[PDB]
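Data block below; observations after.
In the entry's author numbering, the protein residues as written are 1 to 136.
If you want it as structure tokens, here you go:
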């Protein structure tokens with residue numbers, strides 16, 4: 001049945017329920033952050049009525065496919081996921097949550113271009129020089 005359902009190397013918009021299961025349990029972890037993901041994730045907080053929020057989807061699709069295998073990109077519809085976005089203090093949009101496999105996730109506000117995104121994805125999410133890195 002599921003031989004090739006994409007998803008990996010893609011950007012999927014999900015709900016807080018989907019967030020919960022594969023990303024983060026804000027039920028058991030009201031205050032803390034336990035990542036349930038196996039690969040590094042990038043969560044785009046977007047609102048369709050927002051221009052920038054629209055741009056990031058194609059950008060994210062591009063970079064997701066470019067960095068396929070290693071990363072998995074998501075996005076969340078803040079207009080409905082108000083509780084989810086509000087919990088992190090995101091307020092609304094745009095916010096980009098970079099979730100490492102080590103530590104807690106950083107965020108960048110707004111839909112930066114393919115170039116700035118590559119730097120944040122590659123040289124930060126994979127090249128986590130700011131995570132546990134003092135020299136060794």
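Even for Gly, the Cβ is constructed at its ideal location relative to N, Cα and C.
Quick one: is the Cβ of residue 9 within less than 7 Å of any heavy atom of the ligand GTP? Of ligands this structure carries none, so the ligand GTP is not represented either.
Buried or exposed: which applies to residue 3, given that a residue is buried once 16 or more other Cβ atoms fall within 10 Å of its Cβ? exposed
Residue 45 vs residue 87 beta-carbon contact at 8 Å: no
Do residue 60 and residue 71 come within 8 Å of each other at the CB atom, strictly closer than that value? no
Do residue 103 and residue 136 have their CB atoms nearer than 8 Å? no
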